[PDB]
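input15.cif, holding mmCIF, C-alpha atoms and all ligand atoms:
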```
data_run
loop_
_atom_site.group_PDB
_atom_site.id
_atom_site.type_symbol
_atom_site.label_atom_id
_atom_site.label_comp_id
_atom_site.auth_asym_id
_atom_site.auth_seq_id
_atom_site.Cartn_x
_atom_site.Cartn_y
_atom_site.Cartn_z
ATOM 1 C CA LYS A 82 -25.865 25.777 -19.387
ATOM 2 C CA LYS A 83 -26.096 26.354 -15.615
ATOM 3 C CA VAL A 84 -23.010 25.892 -13.397
ATOM 4 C CA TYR A 85 -22.607 22.791 -11.171
ATOM 5 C CA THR A 86 -23.350 23.270 -7.454
ATOM 6 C CA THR A 87 -20.278 21.988 -5.462
ATOM 7 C CA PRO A 88 -21.076 21.241 -1.794
ATOM 8 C CA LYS A 89 -17.904 18.988 -1.469
ATOM 9 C CA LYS A 90 -18.445 15.647 0.367
ATOM 10 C CA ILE A 91 -17.871 12.580 -1.891
ATOM 11 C CA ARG A 92 -18.681 8.951 -0.974
ATOM 12 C CA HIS A 93 -16.904 6.015 -2.683
ATOM 13 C CA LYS A 94 -17.687 2.274 -2.719
ATOM 14 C CA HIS A 95 -15.769 0.623 0.154
ATOM 15 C CA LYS A 96 -12.834 -1.612 -0.886
ATOM 16 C CA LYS A 97 -14.253 -4.208 1.577
ATOM 17 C CA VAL A 98 -11.318 -4.902 3.984
ATOM 18 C CA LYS A 99 -10.545 -8.312 2.443
ATOM 19 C CA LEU A 100 -9.081 -11.013 4.735
ATOM 20 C CA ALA A 101 -8.283 -14.719 4.123
ATOM 21 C CA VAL A 102 -7.027 -17.662 6.222
ATOM 22 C CA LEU A 103 -9.285 -16.117 8.836
ATOM 23 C CA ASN A 104 -8.851 -17.015 12.512
ATOM 24 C CA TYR A 105 -12.176 -18.942 12.632
ATOM 25 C CA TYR A 106 -12.020 -22.750 13.124
ATOM 26 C CA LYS A 107 -9.240 -24.662 14.991
ATOM 27 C CA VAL A 108 -7.361 -27.974 15.464
ATOM 28 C CA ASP A 109 -5.723 -29.192 18.704
ATOM 29 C CA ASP A 110 -4.975 -32.911 18.192
ATOM 30 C CA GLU A 111 -4.162 -33.081 14.418
ATOM 31 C CA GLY A 112 -6.430 -35.949 13.347
ATOM 32 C CA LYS A 113 -9.817 -34.368 14.128
ATOM 33 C CA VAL A 114 -11.170 -30.807 13.689
ATOM 34 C CA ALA A 115 -12.618 -28.260 16.144
ATOM 35 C CA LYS A 116 -15.210 -25.883 14.656
ATOM 36 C CA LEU A 117 -15.420 -22.322 16.048
ATOM 37 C CA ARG A 118 -18.642 -20.277 16.241
ATOM 38 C CA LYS A 119 -21.192 -22.531 14.402
ATOM 39 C CA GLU A 120 -22.514 -23.612 10.980
ATOM 40 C CA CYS A 121 -25.845 -22.640 9.364
ATOM 41 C CA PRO A 122 -29.071 -24.474 10.367
ATOM 42 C CA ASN A 123 -30.991 -23.349 7.234
ATOM 43 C CA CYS A 124 -28.315 -24.220 4.649
ATOM 44 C CA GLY A 125 -25.861 -27.138 4.942
ATOM 45 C CA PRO A 126 -22.509 -27.173 6.825
ATOM 46 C CA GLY A 127 -19.542 -25.273 5.351
ATOM 47 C CA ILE A 128 -21.176 -21.860 5.839
ATOM 48 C CA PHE A 129 -20.504 -20.222 9.246
ATOM 49 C CA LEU A 130 -22.498 -17.850 11.511
ATOM 50 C CA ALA A 131 -21.688 -14.151 12.016
ATOM 51 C CA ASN A 132 -21.065 -13.474 15.744
ATOM 52 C CA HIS A 133 -22.097 -10.179 17.417
ATOM 53 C CA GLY A 134 -23.514 -9.032 20.782
ATOM 54 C CA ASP A 135 -26.660 -11.203 20.773
ATOM 55 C CA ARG A 136 -27.165 -10.844 16.995
ATOM 56 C CA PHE A 137 -26.366 -13.350 14.205
ATOM 57 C CA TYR A 138 -26.625 -13.669 10.398
ATOM 58 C CA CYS A 139 -25.225 -15.505 7.314
ATOM 59 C CA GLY A 140 -24.348 -14.395 3.779
ATOM 60 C CA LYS A 141 -25.485 -17.234 1.478
ATOM 61 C CA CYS A 142 -29.057 -16.369 2.507
ATOM 62 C CA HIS A 143 -27.944 -12.681 2.338
ATOM 63 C CA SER A 144 -28.768 -12.262 6.064
ATOM 64 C CA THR A 145 -31.457 -14.376 7.801
ATOM 65 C CA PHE A 146 -30.897 -15.323 11.468
ATOM 66 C CA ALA A 147 -32.397 -14.107 14.763
ATOM 67 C CA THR A 148 -31.827 -16.652 17.578
ATOM 68 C CA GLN A 149 -28.627 -16.527 19.665
ATOM 69 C CA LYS A 150 -25.877 -19.168 19.889
ATOM 70 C CA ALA B 13 7.891 -45.655 -20.073
ATOM 71 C CA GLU B 14 4.188 -46.389 -20.713
ATOM 72 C CA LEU B 15 3.120 -46.402 -17.027
ATOM 73 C CA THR B 16 1.746 -43.137 -15.605
ATOM 74 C CA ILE B 17 3.833 -41.227 -13.016
ATOM 75 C CA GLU B 18 0.832 -40.088 -10.937
ATOM 76 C CA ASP B 19 -0.859 -38.732 -14.103
ATOM 77 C CA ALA B 20 -4.346 -40.091 -13.279
ATOM 78 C CA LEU B 21 -4.987 -37.200 -10.849
ATOM 79 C CA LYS B 22 -3.964 -34.330 -13.136
ATOM 80 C CA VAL B 23 -6.240 -35.674 -15.872
ATOM 81 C CA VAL B 24 -9.128 -35.885 -13.402
ATOM 82 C CA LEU B 25 -8.507 -32.298 -12.318
ATOM 83 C CA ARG B 26 -8.496 -31.164 -15.950
ATOM 84 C CA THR B 27 -11.779 -32.968 -16.561
ATOM 85 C CA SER B 28 -13.309 -31.308 -13.506
ATOM 86 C CA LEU B 29 -12.151 -27.902 -14.738
ATOM 87 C CA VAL B 30 -13.689 -28.576 -18.144
ATOM 88 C CA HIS B 31 -17.066 -29.616 -16.637
ATOM 89 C CA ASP B 32 -16.908 -27.000 -13.807
ATOM 90 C CA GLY B 33 -16.655 -29.166 -10.681
ATOM 91 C CA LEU B 34 -13.506 -27.901 -8.942
ATOM 92 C CA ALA B 35 -13.394 -26.540 -5.399
ATOM 93 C CA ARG B 36 -10.078 -24.693 -5.795
ATOM 94 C CA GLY B 37 -8.980 -22.586 -2.823
ATOM 95 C CA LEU B 38 -9.188 -23.613 0.801
ATOM 96 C CA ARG B 39 -12.580 -22.521 2.093
ATOM 97 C CA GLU B 40 -14.282 -23.977 -0.977
ATOM 98 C CA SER B 41 -12.443 -27.266 -0.483
ATOM 99 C CA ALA B 42 -13.520 -27.362 3.160
ATOM 100 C CA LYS B 43 -17.129 -26.735 2.146
ATOM 101 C CA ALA B 44 -16.946 -29.547 -0.396
ATOM 102 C CA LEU B 45 -15.541 -31.897 2.231
ATOM 103 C CA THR B 46 -18.348 -30.970 4.615
ATOM 104 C CA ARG B 47 -21.267 -31.761 2.210
ATOM 105 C CA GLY B 48 -22.212 -34.221 -0.580
ATOM 106 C CA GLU B 49 -19.813 -32.626 -3.064
ATOM 107 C CA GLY B 50 -16.114 -33.095 -2.203
ATOM 108 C CA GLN B 51 -15.155 -36.557 -3.513
ATOM 109 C CA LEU B 52 -11.347 -36.323 -4.064
ATOM 110 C CA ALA B 53 -8.966 -34.174 -1.949
ATOM 111 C CA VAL B 54 -5.808 -32.418 -3.196
ATOM 112 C CA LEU B 55 -3.516 -30.754 -0.572
ATOM 113 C CA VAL B 56 -0.211 -28.893 -1.103
ATOM 114 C CA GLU B 57 3.042 -30.431 0.209
ATOM 115 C CA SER B 58 5.235 -27.318 0.447
ATOM 116 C CA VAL B 59 3.062 -25.347 2.892
ATOM 117 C CA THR B 60 4.545 -22.574 5.051
ATOM 118 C CA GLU B 61 3.588 -22.943 8.758
ATOM 119 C CA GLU B 62 2.119 -26.449 7.965
ATOM 120 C CA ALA B 63 -1.344 -25.132 8.899
ATOM 121 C CA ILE B 64 -3.356 -25.363 5.685
ATOM 122 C CA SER B 65 -2.127 -28.918 5.128
ATOM 123 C CA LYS B 66 -3.114 -29.854 8.678
ATOM 124 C CA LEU B 67 -6.576 -28.369 8.135
ATOM 125 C CA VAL B 68 -6.964 -30.348 4.921
ATOM 126 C CA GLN B 69 -5.942 -33.543 6.719
ATOM 127 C CA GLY B 70 -8.487 -32.852 9.454
ATOM 128 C CA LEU B 71 -11.196 -32.301 6.856
ATOM 129 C CA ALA B 72 -10.292 -35.576 5.158
ATOM 130 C CA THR B 73 -10.472 -37.398 8.478
ATOM 131 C CA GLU B 74 -13.815 -35.871 9.584
ATOM 132 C CA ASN B 75 -16.037 -38.355 7.672
ATOM 133 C CA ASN B 76 -14.532 -39.945 4.520
ATOM 134 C CA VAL B 77 -10.820 -39.777 3.572
ATOM 135 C CA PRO B 78 -10.280 -38.712 -0.085
ATOM 136 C CA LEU B 79 -6.692 -37.366 0.159
ATOM 137 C CA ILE B 80 -3.522 -37.587 -1.954
ATOM 138 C CA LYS B 81 0.113 -36.289 -1.974
ATOM 139 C CA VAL B 82 0.133 -33.607 -4.745
ATOM 140 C CA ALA B 83 3.300 -32.566 -6.629
ATOM 141 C CA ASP B 84 4.026 -28.979 -5.445
ATOM 142 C CA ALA B 85 0.611 -27.476 -6.511
ATOM 143 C CA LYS B 86 2.038 -25.130 -9.138
ATOM 144 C CA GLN B 87 2.442 -28.030 -11.561
ATOM 145 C CA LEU B 88 -1.158 -29.086 -10.954
ATOM 146 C CA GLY B 89 -2.347 -25.538 -11.603
ATOM 147 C CA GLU B 90 -0.373 -25.422 -14.842
ATOM 148 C CA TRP B 91 -1.886 -28.723 -15.939
ATOM 149 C CA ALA B 92 -5.376 -27.417 -15.180
ATOM 150 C CA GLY B 93 -4.835 -24.151 -17.082
ATOM 151 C CA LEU B 94 -4.360 -21.095 -14.843
ATOM 152 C CA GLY B 95 -4.022 -18.360 -17.487
ATOM 153 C CA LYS B 96 -5.908 -16.972 -20.503
ATOM 154 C CA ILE B 97 -4.615 -17.753 -24.041
ATOM 155 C CA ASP B 98 -0.881 -17.788 -23.086
ATOM 156 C CA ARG B 99 0.461 -17.344 -26.658
ATOM 157 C CA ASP B 100 0.232 -20.385 -29.023
ATOM 158 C CA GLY B 101 1.637 -23.080 -26.691
ATOM 159 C CA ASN B 102 2.752 -23.204 -23.028
ATOM 160 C CA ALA B 103 3.964 -19.748 -21.761
ATOM 161 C CA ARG B 104 1.414 -19.545 -18.910
ATOM 162 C CA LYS B 105 2.177 -17.206 -15.997
ATOM 163 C CA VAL B 106 2.953 -19.520 -13.059
ATOM 164 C CA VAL B 107 0.410 -19.707 -10.198
ATOM 165 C CA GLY B 108 0.323 -21.854 -7.053
ATOM 166 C CA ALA B 109 -2.940 -23.830 -7.229
ATOM 167 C CA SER B 110 -3.225 -24.139 -3.401
ATOM 168 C CA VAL B 111 -5.782 -26.625 -1.942
ATOM 169 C CA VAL B 112 -8.114 -28.322 -4.459
ATOM 170 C CA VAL B 113 -11.134 -30.643 -3.997
ATOM 171 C CA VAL B 114 -12.998 -32.491 -6.775
ATOM 172 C CA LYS B 115 -16.753 -32.401 -7.394
ATOM 173 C CA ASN B 116 -18.731 -34.209 -10.137
ATOM 174 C CA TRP B 117 -15.807 -36.133 -11.800
ATOM 175 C CA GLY B 118 -17.709 -36.430 -15.116
ATOM 176 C CA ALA B 119 -15.470 -38.952 -16.873
ATOM 177 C CA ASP B 120 -15.832 -42.586 -15.718
ATOM 178 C CA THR B 121 -13.378 -45.502 -15.178
ATOM 179 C CA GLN B 122 -9.753 -45.333 -16.541
ATOM 180 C CA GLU B 123 -6.618 -45.231 -14.314
ATOM 181 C CA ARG B 124 -7.759 -42.530 -11.892
ATOM 182 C CA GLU B 125 -10.298 -44.898 -10.360
ATOM 183 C CA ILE B 126 -7.623 -47.572 -9.957
ATOM 184 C CA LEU B 127 -5.324 -45.066 -8.263
ATOM 185 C CA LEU B 128 -8.112 -44.046 -5.894
ATOM 186 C CA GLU B 129 -8.774 -47.688 -5.043
ATOM 187 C CA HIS B 130 -5.091 -48.245 -4.339
ATOM 188 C CA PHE B 131 -5.002 -45.206 -2.076
ATOM 189 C CA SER B 132 -8.057 -46.461 -0.195
ATOM 190 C CA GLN B 133 -7.707 -50.200 0.435
ATOM 191 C CA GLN B 134 -4.893 -51.003 2.900
HETATM 192 MG MG MG C 1 -27.053 18.359 -11.191
HETATM 193 ZN ZN ZN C 2 -27.764 -18.504 5.612
#
```

This entry written out as structure tokens:
Amino acid sequence: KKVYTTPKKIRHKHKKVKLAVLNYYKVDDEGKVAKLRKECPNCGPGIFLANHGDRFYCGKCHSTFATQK
Amino acid sequence: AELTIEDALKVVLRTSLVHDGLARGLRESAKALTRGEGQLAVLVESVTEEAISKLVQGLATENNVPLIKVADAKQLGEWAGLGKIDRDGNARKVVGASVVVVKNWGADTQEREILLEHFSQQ
């Protein structure tokens, strides 16, 4: 057979940078809750917006926002 | 001793697990609480920093209160079945169940309902 080419640069699947008990949401009083950012208009509450410099999206609908918030 | 020692929550949890209607974990629980899904709420007592528990409480408050004490979480998890096979009997690797919320229920009536009622009406 013919020899393999060998440029060098390999690309692996990203490990994702997992993070839980994320700093979204808050509570001040104790009794009631204070939501941070916002929930989805398309789907029901529980899902939360992605916040960037005048650009939003959500993951349950893979990524489908446009309007600011 | 024929009377149940808070063993009409564990049973419910088991049932939920069997029929696949358990929001285990915190985010999931929160989600359940938010929409027409989360019917019974199950928060850990021994929480470091008190924060998760507080959150759970808040969630419960927000619209309809479905909360209960919970006996250390680990026990609950064990009851549910957190572990594959685990030899012939028992011998499951211990896991903290964390926050749990019930969807679906499945099974009807029995002592669980009574317990819920008791918790509610004051
Ligand atoms: Mg080739
Ligand atoms: Zn969405």

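Each of A:105, A:137, A:129, A:85 was checked against ligand MG 1 (chain C) using only C-alpha atoms and all ligand atoms; the smallest atom-to-atom distance is that of A:85.
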
* To do: Would you list the residues near (7.2, -28.3, 0.6) (no more than 10 Å away, in the coordinates of the file, using all atoms listed in the file) as JSON, numbers by chain?
  => {"B": [56, 57, 58, 59, 60, 62, 83, 84, 85]}

Using only C-alpha atoms, I'd like every residue of chain B that has an atom within 10 Å of chain A; please write them out as a compact mmCIF listing (two decimals) with C-alpha atoms, in the frame of the given file.
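Once written, result21.txt looks like this:
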```
# COMPACT_ATOMS: atom_id res chain seq x y z
CA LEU B 38 -9.19 -23.61 0.80
CA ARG B 39 -12.58 -22.52 2.09
CA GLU B 40 -14.28 -23.98 -0.98
CA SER B 41 -12.44 -27.27 -0.48
CA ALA B 42 -13.52 -27.36 3.16
CA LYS B 43 -17.13 -26.74 2.15
CA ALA B 44 -16.95 -29.55 -0.40
CA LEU B 45 -15.54 -31.90 2.23
CA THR B 46 -18.35 -30.97 4.62
CA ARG B 47 -21.27 -31.76 2.21
CA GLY B 48 -22.21 -34.22 -0.58
CA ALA B 63 -1.34 -25.13 8.90
CA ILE B 64 -3.36 -25.36 5.68
CA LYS B 66 -3.11 -29.85 8.68
CA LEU B 67 -6.58 -28.37 8.14
CA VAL B 68 -6.96 -30.35 4.92
CA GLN B 69 -5.94 -33.54 6.72
CA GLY B 70 -8.49 -32.85 9.45
CA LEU B 71 -11.20 -32.30 6.86
CA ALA B 72 -10.29 -35.58 5.16
CA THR B 73 -10.47 -37.40 8.48
CA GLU B 74 -13.82 -35.87 9.58
CA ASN B 75 -16.04 -38.35 7.67
```

* Which chains and residue numbers are within 7 Å of ligand ZN 2 (chain C), counting only C-alpha atoms and all ligand atoms, if I want them as a VMD selection string? -> chain A and resid 121 123 to 124 138 to 145

* Asked: Counting only C-alpha atoms and all ligand atoms, which protein, DNA or RNA residues come within 12 Å of ligand MG 1 (chain C), given as a ChimeraX atom specification?
  -> /A:82-88

* Could you please determine the separation between atom CA of residue B:81 and atom CA of residue B:93 in Å, to one decimal place? =>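 Going from atom CA of residue B:81 over to atom CA of residue B:93, I get 20.0 Å.
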
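With atom CA of residue B:90 on one side and atom CA of residue B:118 on the other, the separation reads 20.5 Å.
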
* **atom CA of residue B:21 to atom CA of residue B:101, straight-line distance in Å** => 22.2 Å

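Residue neighbourhood of residue B:114, excluding near-sequence residues (fewer than 2 positions): residues 28, 33, 34, 35, 50, 51, 52, 53, 112, 116 and 117 of chain B, at 7 Å, using all atoms listed in the file.
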
For the selection you just gave me, I'd like the residues written to a file as a PDB file, keeping the file's coordinate frame, keeping C-alpha atoms.
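New file part-v5.pdb:
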```
ATOM      1  CA  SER B  28     -13.309 -31.308 -13.506  1.00  0.00           C
ATOM      2  CA  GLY B  33     -16.655 -29.166 -10.681  1.00  0.00           C
ATOM      3  CA  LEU B  34     -13.506 -27.901  -8.942  1.00  0.00           C
ATOM      4  CA  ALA B  35     -13.394 -26.540  -5.399  1.00  0.00           C
ATOM      5  CA  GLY B  50     -16.114 -33.095  -2.203  1.00  0.00           C
ATOM      6  CA  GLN B  51     -15.155 -36.557  -3.513  1.00  0.00           C
ATOM      7  CA  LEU B  52     -11.347 -36.323  -4.064  1.00  0.00           C
ATOM      8  CA  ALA B  53      -8.966 -34.174  -1.949  1.00  0.00           C
ATOM      9  CA  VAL B 112      -8.114 -28.322  -4.459  1.00  0.00           C
ATOM     10  CA  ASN B 116     -18.731 -34.209 -10.137  1.00  0.00           C
ATOM     11  CA  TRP B 117     -15.807 -36.133 -11.800  1.00  0.00           C
TER      12      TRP B 117
END
```

* Close residues, stretch 130-132 of chain B itself excluded, 9 Å, only C-alpha atoms, min 6 positions apart in chain, as a PyMOL selection string -> chain B and resi 77-80

* Asked: For this file, the PyMOL selection byres (((chain A and resi 136) around 9) and not hetatm) selects which residues, as a VMD selection string?
  -> chain A and resid 131 to 135 137 to 138 146 to 150

What would the list of residues within 7 Å of (-9.0, -25.2, -17.7) (file frame) look like as an mmCIF file with C-alpha atoms, in the coordinates of the input, if only C-alpha atoms are what count?
```cif
data_model
loop_
_atom_site.group_PDB
_atom_site.id
_atom_site.type_symbol
_atom_site.label_atom_id
_atom_site.label_comp_id
_atom_site.auth_asym_id
_atom_site.auth_seq_id
_atom_site.Cartn_x
_atom_site.Cartn_y
_atom_site.Cartn_z
ATOM 1 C CA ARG B 26 -8.496 -31.164 -15.950
ATOM 2 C CA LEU B 29 -12.151 -27.902 -14.738
ATOM 3 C CA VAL B 30 -13.689 -28.576 -18.144
ATOM 4 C CA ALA B 92 -5.376 -27.417 -15.180
ATOM 5 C CA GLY B 93 -4.835 -24.151 -17.082
ATOM 6 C CA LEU B 94 -4.360 -21.095 -14.843
#
```

Please report, as AutoDock Vina command-line options, the centre and edge lengths in Å to one decimal of an axis-aligned box covering all listed atoms of stretch 121-124 of chain A with 5 Å per side.
```
--center_x -28.4 --center_y -23.6 --center_z 7.5 --size_x 15.1 --size_y 11.8 --size_z 15.7
```

* Asked: From the set B:16, B:110, B:76, B:65, which residue has the shortest atom-to-atom contact distance to residue B:37, counting all atoms listed in the file?
  ->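 The answer is B:110, which sits nearest to residue B:37.
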